[PDB]
Each structure stands twice: as structure tokens, then as C-alpha cells.
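Asks: Pasting an experimental structure, sequence included:
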Amino acid sequence: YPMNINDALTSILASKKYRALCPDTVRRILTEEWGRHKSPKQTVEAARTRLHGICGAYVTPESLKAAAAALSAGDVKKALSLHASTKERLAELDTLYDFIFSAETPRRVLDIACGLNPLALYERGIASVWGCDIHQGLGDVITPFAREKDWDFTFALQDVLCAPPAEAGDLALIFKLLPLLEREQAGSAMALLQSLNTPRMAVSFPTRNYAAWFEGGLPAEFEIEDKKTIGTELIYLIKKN
Ligand SMILES: Nc1ncnc2c1ncn2[C@@H]1O[C@H](CSCC[C@H](N)C(=O)O)[C@@H](O)[C@H]1O
């Protein structure tokens, strides 16, 4: 059994469950867990438990295959319905993007922890999208479709707790991400916002204390321009000064 981080990393990445995960994520979690000074066996188990939570319930290999099939048939809505977070968004999708884009439709969007949401941006006619996430299966769904459509979408397999997004754009989307980052590393959510090379951002939280947390913690160089509940998301439009 794995008795060090390197061997544990190899083991986890070889598993059917975790093979599509960003290797940096696996190493980050293993290294943090190793620092708790438990046995190698307990440490690897603790790491797997965390990775299970990080992978979550958003997609499966079969749902990803079905999303690809949907895209091949031109059924973008069906593909969107096959990631749990976009499925939640479906009913009010155009209301949401109408709200975000009311003043201006951006040329280039950075979609941070993108899930399958870039497919919605395609349908909104966004010219250029860069999305990052830690599950390569997401890129494996979106990228072949983007190439078929001559659409300027790029996917990065990137853990934002390992390295900040380096790209630049007109608008960053940070949907349903800040809470999970904060739970995992205190202070990381606002640090992510401070790192983004966009003049404006749209940040969302699940909703029917996130509002209080966000409004109380948003660094002074940002201004909240609007705030609205649309479907089961609370959305803030912010500008960086
Ligand atoms: N450290 C990390 N770096 C990058 N992405 C991460 C991450 N931890 C979790 N994620 C990703 O965060 C996403 C949360 S679900 C939200 C997906 C998308 N933003 C949407 O709203 O539709 C998942 O796709 C998950 O894989």
C-alpha cells in the first residue's frame, strides 16, 4: 500500500473513480492530509474522502458520455441538463444571462470552475471563453463541440487553489464556487476574486448566510453594482476599481 505522497498520488490517479481529476488537486489534498501526522493508511483514506467530496455528485462517466451524445445531436439543453449545477440553472437560464449581460455582452468570458456552463455561453453567442476546472471530463465534453462549431473555447485543467487563473477577459463568472473554496481554505474565496484579470465579475451562490458573508467580506477595491435572486441562485455583479 502507498506509504508516501507520490505513491498515493499514483494509486489514486490510476483508480477508475479519480483518474480524470487534476493531478495537482490530488497532490494538494494528499500533502495537506499528510501534514496531520496520521498513519499513511489513515491519511490516504482521509484524502480519498476529501476527493470524493470535491468530485461530488455533479456528473458521472455515463452522464458525460450522454452529454457528448446530446451535443453530437445538437441538443445543447440536454447536455446542460447533464451537469447538476447547470441543470439547476436551466429553468431561468436566459433570465440569468439577460441580467448579467444587460449593460453589455462581453467578448471574452473567464468561467472559473466552469462545469458545463460554457455550453450556455455558446448559446448566448459569446465569442471567446476560457474555462477552468479540475475534472477533465468537462473539457472532454465541451472541446469537441467547440471545435466542430469553430467556437473559441479553451479549457484548462487547473485547480485555482494551486495557481490563480492567469488569463484575461471582459468578465469572469464565479458561479457556485466561493463557498466550497472558503470551506477548504479560509480566505481563499476573496483571494481568488482579487487575482482575476477582468474588470467585472458575476458571482453566484445557491439560495432560496452567503449574502452577509459576501457583502461583509468583499475587499474594498470591488464595488457591488447589482444583486438579484434568479431561480435558486443569488447573483452579484461586481466591478473592480
Ligand atoms: N479547487 C478547485 N479549482 C477549480 N475548480 C474546482 C475546485 N474545486 C471544485 N471545483 C469545481 O467547482 C465546480 C462547482 S459546481 C459549479 C459549476 C459551474 N460554475 C456552474 O455554476 O454551473 C465543479 O465543477 C468542481 O469540479
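Replies: Everything's here; your move. Numbers count the residues shown, from 1 in each chain.
Asks: what sits against residue 20?
Replies: Shown in contact with residue 20 (C-beta atoms under 8 Å, 6 or more residues apart in numbering): 135, 136, 137, 140. For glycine as for every other residue, the C-beta is placed from the backbone atoms N, C-alpha and C.
Asks: Buried subset of the residues you listed, written for PyMOL?
Replies: Buried members of the contacts of residue 20, defined by 16 or more other C-beta atoms under 10 Å, are picked up in PyMOL with:
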select buried, resi 135+136+137
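Asks: Quick one: residues contacting the residue lying closest to residue 169 once chain neighbours are set aside.
Replies: Excluding the flanking residues, the one nearest residue 169 by C-beta to C-beta, 6 or more residues apart in numbering is residue 108, at 3.9 Å. Contact analysis of residue 108 by C-beta under 8 Å, 6+ apart lists 126, 127, 128, 129, 130, 168, 169, 170, 171.
Asks: Could you rerun that using 10 Å?
Replies: By C-beta atoms under 10 Å, 6 or more residues apart in numbering, the contact list for residue 108 reads 126, 127, 128, 129, 130, 152, 167, 168, 169, 170, 171, 198.
Asks: Adding secondary structure and distance to the ligand, write those residues out as TSV.
Replies: Below are the contacts of residue 108 laid out as TSV (DSSP: H, G, I helix; E, B strand; the rest coil; distance: C-beta to the nearest ligand atom, whole Å):
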residue	secondary structure	distance to the ligand
126	coil	15
127	coil	20
128	strand	18
129	strand	12
130	strand	13
152	strand	19
167	coil	14
168	strand	18
169	coil	15
170	coil	18
171	strand	14
198	coil	15
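Asks: Which two of those residues have the greatest separation?
Replies: Taking C-beta to C-beta as the measure, the contacts of residue 108 span a maximum distance of 16.4 Å, between 152 and 198.
Asks: So the two - more neighbours on which side?
Replies: Between residue 152 and residue 198, residue 198 has the larger neighbour count (other C-beta atoms under 10 Å), namely 22 against 13.
Asks: Show the contacting residues for that one.
Replies: Applying C-beta under 10 Å, 6+ apart, the residues near residue 198 are 106, 108-110, 112, 165, 167-173, 239-240.
Asks: and those, which are buried?
Replies: Neighbour counting with 16+ other C-beta under 10 Å marks 106, 108-110, 112, 165, 167, 169-173, 240 as buried within those.
Asks: Quick one: those residues as JSON lines, columns for distance to residue 51 too.
Replies: Converted to JSON lines, the buried ones among the contacts of residue 198 look like this (distance: C-beta to C-beta, whole Å):
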{"residue": "106", "distance to residue 51": "33"}
{"residue": "108", "distance to residue 51": "32"}
{"residue": "109", "distance to residue 51": "28"}
{"residue": "110", "distance to residue 51": "25"}
{"residue": "112", "distance to residue 51": "20"}
{"residue": "165", "distance to residue 51": "22"}
{"residue": "167", "distance to residue 51": "26"}
{"residue": "169", "distance to residue 51": "29"}
{"residue": "170", "distance to residue 51": "34"}
{"residue": "171", "distance to residue 51": "31"}
{"residue": "172", "distance to residue 51": "26"}
{"residue": "173", "distance to residue 51": "25"}
{"residue": "240", "distance to residue 51": "33"}
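Asks: longest single helix anywhere in this structure?
Replies: Ranked by residue count and defined by DSSP state H, the top helix of the chain is helix 40-55.
Asks: and which of the contacts of residue 20 is nearest to residue 63?
Replies: For the contacts of residue 20, the nearest to residue 63 is residue 137 (9.1 Å; C-beta to C-beta).
Asks: So the closest one belongs to a strand, correct?
Replies: No. Counting by DSSP: H, G, I helix; E, B strand; the rest coil, residue 137 is not part of a strand but helix.
Asks: Please verify my assumption that it contacts residue 18.
Replies: No. Counting by C-beta atoms under 10 Å, residue 137 stays clear of residue 18, with 11.5 Å between them.
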